[PDB]
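Protein chains in written order, with PDB author numbering: chain B, 22 to 102; chain F, 25 to 102; chain H, 32 to 121; chain D, 32 to 121; chain A, 44 to 134; chain E, 46 to 135; chain X, 4 to 178, 298 to 384, 386 to 494, 496 to 527, 549 to 561, 586 to 598, 613 to 668, 678 to 710, 719 to 765, 925 to 1007, 1037 to 1049, 1073 to 1133, 1135 to 1241, 1253 to 1364; chain G, 14 to 109; chain C, 16 to 111.
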Amino acid sequence: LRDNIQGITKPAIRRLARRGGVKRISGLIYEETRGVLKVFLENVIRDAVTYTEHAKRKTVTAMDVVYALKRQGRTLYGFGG
Amino acid sequence: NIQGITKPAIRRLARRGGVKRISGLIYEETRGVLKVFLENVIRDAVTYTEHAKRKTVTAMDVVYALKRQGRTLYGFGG
Amino acid sequence: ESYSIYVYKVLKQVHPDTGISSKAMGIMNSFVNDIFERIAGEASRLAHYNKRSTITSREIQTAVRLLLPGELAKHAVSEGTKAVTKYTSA
Amino acid sequence: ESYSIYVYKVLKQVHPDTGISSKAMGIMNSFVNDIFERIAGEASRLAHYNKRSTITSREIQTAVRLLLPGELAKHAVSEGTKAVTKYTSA
Amino acid sequence: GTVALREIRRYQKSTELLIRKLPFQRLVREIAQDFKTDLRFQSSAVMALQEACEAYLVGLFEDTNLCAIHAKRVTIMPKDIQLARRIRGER
Amino acid sequence: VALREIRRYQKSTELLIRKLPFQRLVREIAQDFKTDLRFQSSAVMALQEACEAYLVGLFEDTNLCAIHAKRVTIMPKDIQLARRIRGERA
Amino acid sequence: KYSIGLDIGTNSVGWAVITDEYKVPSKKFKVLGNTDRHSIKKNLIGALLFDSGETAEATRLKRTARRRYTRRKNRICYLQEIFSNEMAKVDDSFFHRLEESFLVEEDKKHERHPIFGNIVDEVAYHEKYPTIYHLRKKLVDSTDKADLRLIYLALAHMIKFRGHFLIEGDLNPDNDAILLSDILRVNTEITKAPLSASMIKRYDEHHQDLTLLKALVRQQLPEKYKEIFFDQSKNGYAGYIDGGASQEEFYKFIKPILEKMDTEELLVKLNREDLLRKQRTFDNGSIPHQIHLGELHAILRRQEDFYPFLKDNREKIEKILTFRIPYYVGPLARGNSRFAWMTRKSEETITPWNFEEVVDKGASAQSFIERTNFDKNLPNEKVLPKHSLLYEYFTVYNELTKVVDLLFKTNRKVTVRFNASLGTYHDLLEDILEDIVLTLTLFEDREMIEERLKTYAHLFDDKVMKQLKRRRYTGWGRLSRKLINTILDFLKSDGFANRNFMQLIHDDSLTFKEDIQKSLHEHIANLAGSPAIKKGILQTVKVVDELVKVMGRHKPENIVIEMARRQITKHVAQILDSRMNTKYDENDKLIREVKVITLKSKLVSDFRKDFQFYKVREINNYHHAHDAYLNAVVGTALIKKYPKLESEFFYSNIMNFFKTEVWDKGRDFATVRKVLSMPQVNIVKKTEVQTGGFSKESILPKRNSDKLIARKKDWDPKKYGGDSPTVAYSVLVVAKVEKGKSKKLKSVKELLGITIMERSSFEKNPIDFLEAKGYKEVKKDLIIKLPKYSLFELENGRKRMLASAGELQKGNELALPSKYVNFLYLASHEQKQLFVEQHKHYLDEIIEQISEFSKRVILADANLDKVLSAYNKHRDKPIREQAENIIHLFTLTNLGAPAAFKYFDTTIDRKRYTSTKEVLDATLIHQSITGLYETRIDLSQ
Amino acid sequence: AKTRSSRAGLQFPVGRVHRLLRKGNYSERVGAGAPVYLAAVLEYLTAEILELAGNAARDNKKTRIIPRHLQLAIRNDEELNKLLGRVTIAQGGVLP
Amino acid sequence: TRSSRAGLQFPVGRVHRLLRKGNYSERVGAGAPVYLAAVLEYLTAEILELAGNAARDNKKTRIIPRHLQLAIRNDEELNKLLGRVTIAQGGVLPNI
DNA sequence: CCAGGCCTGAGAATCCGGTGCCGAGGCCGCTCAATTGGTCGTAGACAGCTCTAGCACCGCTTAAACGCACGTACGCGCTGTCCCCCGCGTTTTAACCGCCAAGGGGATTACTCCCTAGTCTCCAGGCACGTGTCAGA
DNA sequence: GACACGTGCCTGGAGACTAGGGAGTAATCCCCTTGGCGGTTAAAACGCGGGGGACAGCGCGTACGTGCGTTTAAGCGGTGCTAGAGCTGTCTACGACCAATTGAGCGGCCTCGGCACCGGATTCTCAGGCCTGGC
DNA sequence: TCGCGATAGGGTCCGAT
RNA sequence: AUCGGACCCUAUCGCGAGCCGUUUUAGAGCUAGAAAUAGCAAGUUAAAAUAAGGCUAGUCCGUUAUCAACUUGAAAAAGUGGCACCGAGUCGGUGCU
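Next up, the structure:
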């Protein structure tokens, strides 16, 4: 797999930005958002997998993602935690 | 009242922040921002104080309140 | 673990003309967990800053006053006073 | 409680030809207490989350890696690892 | 603008994800394997990450829109996103 | 002279707001929430230090606004925008 | 597999390596030292840069000056030894005071007054004799007994500046007499020495005109009088007497005063440029020595009646002044000079008198003349004189080859024309004749020629002897007697076919062709040419050898050499062939495993014009190095195309297949474009030790400053003036020196400048030199010689050339994209205007790129801001002119010392690099001369 | 009555929250009215949010409570917004 | 002594007592306080090194908190680490 | 030309010589906190076993993706305008600061006592699963 | 097809006992805080002028919005297994607890010395000025 | 700046490897 | 591309010769002004050096040329730092090593 963040379709990010309510959406903004989301994903995945290896288990549990999102500072609803 | 933080003091703080030019309205709006910040901070401080049931305010208590607000500073006996 | 049935009871008492979805149940439960952890951690940290281990209700009330905004906090304080008064009577 | 003598000794271990002011001493002491509190809290939470009742060394290592972003934090971990082995030496 | 506002309405009326799942499932799988392989995923966890990330983008985008509004510029710039993140303290 | 003053204060660690007026302000705001509470001078300088910290944290983004606005210097709109972006305001 | 292209310039020699596919190899080279990176790849194209090879003429001039000064001092010492006999009677202290005169009274051993030692007599002398010429006239006219000091001073003055020997013999001028009309202007019957009278007349003119001018300025414009005459910086009269004011600029300053004031006599005399003159003049060097001889002899006759030793030594002094070393003799060394050939019959010290007996004039002259060139075919055999009768036969028959006894043997020249002459033989009327010709050409002193021809003077007449003395030949032929002869007999009569001489040279049938078959630095020095091109050729040979080293003895395929405005290039070619092709097959034949290529720059220029490869000198040196690649590619692209070309209308149209409107249109062109594109080119500046004058040849007045280097050991620089030296290689002084009032021994590892004056002392003993400077803990092995023009590198690629101990030069050279260069050329020169319109934004990009490169490397704030301001203000100006101004601007960051430059008219001063602190931290990079090998070590140890 | 919450007229189980706190190890000794007060605060917060969700459901023509309804409600009220600003409710939908 | 048993300068005994009394967990492995001591030792070592080099660059052998502020902020890893922290009498980073 | 010295103006930065004061820095005396030996039952380590749900796997459909043409309207550069704080001169003010009085309250201490942890034991509220039914896309 | 209600059983929640130590409570001493006072003082404040700092309109270039036409694997789903979560059940390494020991480590103390302040050079340096062997 | 001597070296011819 | 000659035109190199120029000291500056202040008077010349100096001591030589760094060495001179391929903002990357 390569450039799946680029594989995140530009019209999808167009929907994201319009849901953000921006008037004008540009390819420069598209790639910048791709990069920022990649950074955030890398952080959250690093923390979550750190929890996962801690859990002495091989699979990833959603509760682990709840914990990691708490650790980043953005708590999540719907599963517990 | 609030004006114990006179405009030159606000200007000094802004220059320490690196502000190039300081509008006159900047002083009063900054007064408002710091006013609400002080409001909430000392409010939590006095809350901890009442739970301590000791009327005087302790620096460790303002450190605690600053921690809970999520903005922390070192060194004051913390 | 779940607060589910109590959530249903309270919802009926507050909104009988209403149902609640499973995912809504989930979010309710998670929110209750979040607020419970916030209040419990604040209460314990305050208790340690007291140097006193015992958790009296006043630690809870001061922590709640710290967390919620003012008027909502006052409503909560009133509710807590009512509850503790009823239990003392009971 | 203060760690002034400890930090002073370590400062000599790292910068013999340097001094430190009392203000810097107190600030560093607050720093020690801060980082200790944060890391201990993460260890406690992780112990509870995986039902772990006891705080050993592996979960606090996980807490270290999670909290500390240090590239040499694992090296710090290695130091702890060395310390572990050193305490294993003991 | 005429269809732009209708698109706005469609996006705010709904709760559907604005990212098709596969470009996200595969991406999260790859990023997880980056740190360590032999790792298996909870699909509901992937959904949780999907929603959280989308909302994160939503907040970042509205911050960008605020910056553009102050800039008298209905067109955002990536500099606006980076400024928001810096002000946000995101690194 | 603005650049020179900026250098002077950026290097200088000393506080910028004089103590006693700020102390009286703290006393008055305390009156708003309870009467007959005392402030240790250590606590007053603690508040003052935290305040200057928060103010400079505001001023950094205050400066940050101008470049993206293509703006020179600052307007209160920039400060309220920064507060909104941080979300601490309201 | 690979070929090498060379373009050799007076200061830059570009070399390039290409493959069979017109591609430049890029090679990884291991980087030594204690740095981070240990090996780096670079392209195999670069250029060696070096300071031009300074001509030896300045050294020769100062040599001759040194010799002349020494000989003048010898003359004065000779006269001093003559006069000492009765100078002892007139006290010895006199001469010692003469020597001490330069010293101050604070240090003088004796009185301040040279002549007398007392105030009154000295002042009386000056009053009666303001100049030495007045005492000179008193001595020449009067016959009274005079003080020995006076006569000594007079003779010494007429000797130390004796004049010239432009005209042989002696004359008695009396204004043949047409030589001295302009200067003397005084009747010669009053005294036999019109020189002194003329000089005193100039004195008197000066005196009266000064009185008149001073009175006039006091009257008309006294304020101008005081302002002009008080200060010498105005270069007025005061400046002309005391300050360094040329009399010409004095006249220039006086003319406005003279015209403003109203005076006529001074004005017209100023137009005559004779009104007010220093008694010594620039022009009076025209004065002949013979008048000095005459006046000296006259004064002797006046005064020798009283002083016996003056009469006894009269001929001694006469010769001492009149004697002059014959030019053919050369140096007077006793065999101890690399430049001396003189032969001395007597071992005793040569003196103005023994030279006639000691020196064998004929032998020395013969050695001098023989030292020309000898026969080219056989170097051992000497060349015959140009007018040799056998040589005349040789050239006559060489010209007669295609076709005499009646015409050439009687007529000076023979027309049909032809270019030979037997006129010398006609004037004359075989072995003895050749001897006569050799004697005539070889020797030039009439008496020497007389002695040479005395051997056979018994023949013919003494009038014929005078005729032989009258006529002298000059020059040389090419060949010796034996080499010519035999050949001349066959040339005289060869049967049917009259073979040419060179044919007989190449004729194997005779035994004459059988007779015919009979160090890099030293040989290249033995070549003929300017020393600069010799330095360039030695450097390029060394570069070729190091290139072969990089290939590990793998010989190239083709070597192309180019030089701009030819025999010198072919010298380069044959030297490279001799040293590079070292393997000979069984046929004793050289093999060109590497082909040899000479090219014409005009063809390369046409190629660049056709393919938009316009070179611009103003661009950084990189461009010239790129030409090497071109000099290879095209040359290779030529030789593979036509073997007849590499053996060397159609030659005038060789470029026909170059254009589409062995070679590829696409691949070769794209490789050329990419080679132009690649930024890194191995520009190497040579590094060595400065060799030149000690200091500025000018001396300064005294001052309390350590800057001054004393002109003499015992003469204090702060008192006796005397400096401003140039610096040779510096010394890395790592030691501990005193710091502060307590003089703590703190560690300093910095640059200590070493002048050439200090080079001998340091190399004799570095430790004593350093500790005399105040250094302690002399670490001998850490003593590092730093020759000038080393290279250093900063973080961003910024470079610092090691010029001075305290100063630095620019080492960076921004590479320019080829499209920038093409657009710049078009701006400098229908499609051109449209392209300029399309690429005005490209010009903006170019100027932005140069601005950012400056901001990154040079770090020059004020000048950059000024040039940018001017750019904004003049951006509306025509694109062509703005392009010219950017062409000027390119030097802002160029290699070497910064220079001032005008944007449009605003001048931008050079930003000098007066500190070396940064170099103490930057990596110190020793480099192999070609530059491919590198060794970088930080100064920190 | 058995349930002490019913004794005090409370919906949330005082015993459950007491056990939760004891598992939390916030202190080896916890008061008895403290779980009561905590259950009170929980009931009031849940009640306010449930009432707002039901009213927004009446606005949204849905009798049952969808998960996104809570998000709409919280976004509507600034007082709760300050509490849950960072909170990200699943399927919550953009701020309307 | 226990720290001497570890031969590491930080107060192992005091750290153990802190983690016990703080009641972060009911039970603590013996190696855990040692490990915390070690990681704190490395962190304070990094900080002290940065502070000392900053001080020697400031031509003052004694460290005023300004040194801590400049050292921690200038270092990117620490700056992210102590992002929320304010060093008393720290001043601002010399950022222009 | 050019490019080093130097000098020169000047002036940019250094350095420090002398002085002076307050926090380092170390002793005084004391004890609580660290350390250590020996036991118990306990958290969890780990194996067995399982059995779900995550992995694997792919292709029919098509709506969203992807791409491209055009225009339209948006960014901003430029210019022209308009004026509002910055720097500074001067005057005013309470900032600064040193002093003590003083007692409320904080710290410290012993008395007392209830409320909470642990334990026993009581027993049903709620755990999860099925069903019937009705809101929903 | 998801939710509310019905449904049956158990272990967590409750009711009561016990004993204990945390905490409240009052009592006393002294300390930091408040206050106020006095005698300065540099910073605050008022005003002024100007200069850059603000600001908007237009015009253009251009890039994004919009429309149209085309492409493509996401969604659905249809299909089967097994990987490791996860649950239980036994063994045991250890941490706590207990008691015993030990001085090491802290606050309080005074003295001095370790930078700090400064008024005056002092270095060197730099960015441009000068100047530099010839008839 | 004067002399004197010698070598190359460019550029055009008269003959030739 | 070369060869000798002839004619013209230049450069280089070597040698013998001057003359300035410069920098000190010798050309008693005088009065008033003690002293800054002004006037006046003169003002032309002379010695010694013209790279420090070295030894080979010559009526010589001391600015040409050569000259990364190490070792071999006196000097000379040699060696001393890979090979292939993909790219190019001062060089990036892979493999054997």
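Every residue gets a Cβ at the ideal spot worked out from N, C-alpha and C, and that includes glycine.
Identity of the residues DSSP links to residue i by a beta bridge
i                       : result
residue 1099 of chain X : X:1200
residue 763 of chain X  : X:11
residue 85 of chain D   : C:42
residue 1143 of chain X : X:1164, X:1197
residue 956 of chain X  : X:760
Helix, strand or coil at residue i according to DSSP, with G and I counted as helix
i                       : result
residue 94 of chain C   : helix
residue 84 of chain X   : helix
residue 50 of chain H   : strand
residue 1222 of chain X : strand
residue 509 of chain X  : strand
residue 59 of chain C   : helix
residue 1348 of chain X : strand
Where residue i falls, given that 16 or more other Cβ within 10 Å makes a residue buried
i                       : result
residue 1286 of chain X : buried
residue 503 of chain X  : exposed
Checklist line | Chain-ordered residues of the region 75 to 102 of chain D with a beta carbon less than 7 angstroms from chain B | finding: If you check each beta-carbon in the region 75 to 102 of chain D against every beta-carbon of chain B, the ones closer than 7 angstroms belong to 77, 80, 81, 90, 93, 96, 97.
Checklist line | Inter-stretch contact at 8 angstroms, needing at least 3 Cβ pairs: the region 403 to 417 of chain X / the region 126 to 142 of chain X | finding: The answer is no - the region 126 to 142 of chain X does not touch the region 403 to 417 of chain X, with fewer than three Cβ pairs under 8 angstroms.
Margin query: Whether or not the region 731 to 740 of chain X and the region 110 to 119 of chain E are in contact is what I'm after, with contact meaning three or more pairs of Cβ atoms, one per stretch, closer than 8 angstroms; do they touch?
Written below: Of all C-beta pairs linking the region 110 to 119 of chain E to the region 731 to 740 of chain X, fewer than three are shorter than 8 angstroms, placing the two stretches out of contact.
Next item on the list: Count the CB pairs spanning the region 68 to 85 of chain X and the region 443 to 454 of chain X that are closer than 8 angstroms, and state whether there are at least three.
Entry: Contact holds: three or more Cβ-Cβ distances are below 8 angstroms.
Check: Between the region 80 to 99 of chain F and chain C, which residues of the former have a C-beta closer than 8 angstroms to a C-beta of the latter?
Finding: Look at the region 80 to 99 of chain F: the residues with a C-beta under 8 angstroms from a C-beta of chain C are 94, 95, 96, 97, 98, 99.
Notebook entry, point to check: Looking at chain F, which residues of the region 87 to 102 of chain E have a Cβ within less than 7 angstroms of any of its Cβ atoms?
Noted result: Going along the region 87 to 102 of chain E in chain order, one finds 87, 88, 91, 92, 94, 95, 96, 97, 98, 99, 100, 101 with a Cβ nearer than 7 angstroms to chain F.
Notebook entry, point to check: Taking contact to mean at least 3 C-beta pairs separated by less than 8 angstroms, is the region 68 to 77 of chain H in contact with the region 72 to 90 of chain G?
Noted result: Between the region 68 to 77 of chain H and the region 72 to 90 of chain G there are fewer than three C-beta pairs closer than 8 angstroms, too few to call the two in contact.
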